[PDB]
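A short worksheet on the structure shown next.
All residue numbers in this chain count up from 1 along the given sequence. First listed ligand is number 1; within each ligand, the first listed atom is number 1.
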Amino acid sequence: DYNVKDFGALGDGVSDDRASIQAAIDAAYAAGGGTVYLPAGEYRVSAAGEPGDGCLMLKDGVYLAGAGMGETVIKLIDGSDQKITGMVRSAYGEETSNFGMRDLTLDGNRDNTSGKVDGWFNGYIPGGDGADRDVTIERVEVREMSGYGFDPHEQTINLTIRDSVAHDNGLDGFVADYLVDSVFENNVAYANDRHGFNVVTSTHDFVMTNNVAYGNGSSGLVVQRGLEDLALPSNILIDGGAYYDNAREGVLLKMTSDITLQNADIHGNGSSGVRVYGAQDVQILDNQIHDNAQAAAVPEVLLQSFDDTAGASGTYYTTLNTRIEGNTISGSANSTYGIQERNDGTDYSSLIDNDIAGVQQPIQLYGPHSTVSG
Ligand SMILES: [Ca+2]
């Protein structure tokens with residue numbers, strides 16, 4: 001255990017405490033691991049060097065701990081004008097283990113800086129054989145980043161992010177880039193320019209419990225393959241929470257499979273409450289999907305296939321085996337259907353015991369093997 005102030009950190013909202021804080025981290029590391037504590041206050045930091053160096057470099061066994069969100073604030077210095085891949089991060093090309101941070105706030109100060117800045121970043125090597133392991137983030141707030149809020153990256157095994165908040169960031173509040181056997185729980189993402197939550201790049205065996213996303217510039221939560229022709233994310237459980245008042249969809253599932261969305265409240269979104277776009281074996285169970293299509297004539301729940309024949313994969317992602325059961329669906333004045341399949345090859349949808357109401361038309365299926373009951 002080390003108090004950054006014992007290493008020269010002032011936390012006066014002006015002085016550059018980077019070196020001090022980094023010194024404390026290095027001491028903990030050398031001691032084989034420990035907690036680096038930062039008393040209440042605003043600690044300014046500058047880029048450590050190249051983008052990949054971020055601001056603060058965590059290492060095996062080291063954890064950061066503040067006096068609580070909003071109480072302890074690490075903020076980028078005014079005038080900073082370079083790309084910073086993670087104000088707090090782990091080393092590229094190194095498999096870092098047993099580390100994290102809690103009870104503090106990372107402020108990207110994007111109003112007074114330039115360059116893509118991400119709050120948190122960690123991982124090994126994109127496309128490389130290796131991963132960070134055993135990472136825990138608790139009660140941390142990330143805000144004002146010009147880039148991503150929380151960006152745990154390829155590859156990270158057994159990561160846990162809970163009771164945290166990401167808001168007012170340039171891109172996505174939370175990203176799950178190739179996370180494995182990990183968990184996102186009781187987190188909140190709002191006012192981000194793009195997505196609240198963006199699960200991408202082969203992430204799998206991932207659980208998202210009771211997370212909330214609202215007021216985001218795009219989708220509340222999206223699970224997608226990404227730009228590259230890589231193994232699709234799969235085996236993901238979205239259990240509970242709420243995704244509402246987002247610019248686009250509440251929940252978007254694109255070029256993915258084996259996803260279960262259950263017990264969630266989805267409302268007030270610009271587009272569809274739930275959109276399945278080129279995915280297979282998706283289960284939409286016991287959700288409250290209502291009052292969406294606030295900005296467009298779309299259905300509360302949309303099912304369609306994704307044509308990527310001219311894209312990276314040269315594949316036509318046919319949507320198959322979508323189970324929609326036990327949901328309560330009511331539209332807005334614009335909601336076209338309760339549930340709709342596009343006549344694009346999407347097939348084998350199973351609609352079972354769904355209460356639909358307040359829409360121009362309850363259901364519309366086209367798949368020759370798609371069924372409806374109740
Ligand atoms: Ca690392």
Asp118 vs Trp120, test: side chain to side chain donor-acceptor pair (under 3.5 Å). Steps then yes/no. CA-CA 6 Å; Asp118 309 306; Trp120 166 281; over 6 Å; no
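In this structure a side-chain-to-backbone donor-acceptor pair under 3.5 Å is present from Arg44 to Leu76. Judged by distance alone, the side chain of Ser330 and the main-chain N or O of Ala357 form no donor-acceptor pair under 3.5 Å.
For the Ca ion (ligand 1), the nearest N, O or S atom contributed by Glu94 is named O. The atom of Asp132 nearest to the Ca ion (ligand 1) is OD1, with the search restricted to N, O or S atoms.
The Ca ion (ligand 1) has an N, O or S atom of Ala91 inside 3.0 Å of it. For a distance bound of 3.0 Å, the N, O or S atoms of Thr96 include one lying that close to the Ca ion (ligand 1). Within the coordination shell of the Ca ion (ligand 1), defined by N, O or S atoms under 3.0 Å, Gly123 is present. At a cut-off of 3.0 Å, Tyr92 does not coordinate the Ca ion (ligand 1) through any N, O or S atom.
Other residues, nucleotides and ligands contribute at most 12 non-hydrogen atoms within 6.0 Å of the OH atom of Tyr29. Annotation for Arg110: atom CZ counts as buried by contact number, over 12 foreign heavy atoms lying within 6.0 Å.
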